[PDB]
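Okay, here we've got a single chain as structure tokens, the form solved without the ligand, with questions on binding and movement later.
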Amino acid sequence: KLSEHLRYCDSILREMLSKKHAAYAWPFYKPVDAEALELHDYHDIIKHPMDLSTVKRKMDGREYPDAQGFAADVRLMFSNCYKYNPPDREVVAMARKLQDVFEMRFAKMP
């Protein structure tokens, strides 16, 4: 039942990484590079960074004991974005659109 839930989570991750959602998902593909973005205080503000490539590494490494752990990391990723950025930034609107996908797919887990 646990393995079945995590297979469903793995499929949600594939969807989040897929062409269909790329127009808004792309900022979330790799870890935030604070130096490259010249957001030098990022790690002062955000204490637990997360991104989709890290979720993928953790999934592949069997690091999630259950679906709840997966969902906590994905929500962490979105919460970091909302916390760091002013609410009118384009990247916040992109996070929201991707989170709409995530929350719906996660809720529909059999």
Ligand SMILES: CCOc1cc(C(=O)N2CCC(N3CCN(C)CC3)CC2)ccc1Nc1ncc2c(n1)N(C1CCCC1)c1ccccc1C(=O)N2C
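All residue numbers refer to positions in the sequence shown, first residue = 1.
Same protein, other form: the form solved in complex with the ligand, not shown, and the subject of what follows.
Every member of the trio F28, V32 and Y84 reaches the ligand in the bound PDB entry with some non-hydrogen atom inside 4.5 Å. Proximity of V91 to the ligand in the bound PDB entry falls within the 4.5 Å heavy atom cutoff. Looking at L39, you'd find a heavy atom of it within 4.5 angstroms of the ligand in the bound PDB entry.
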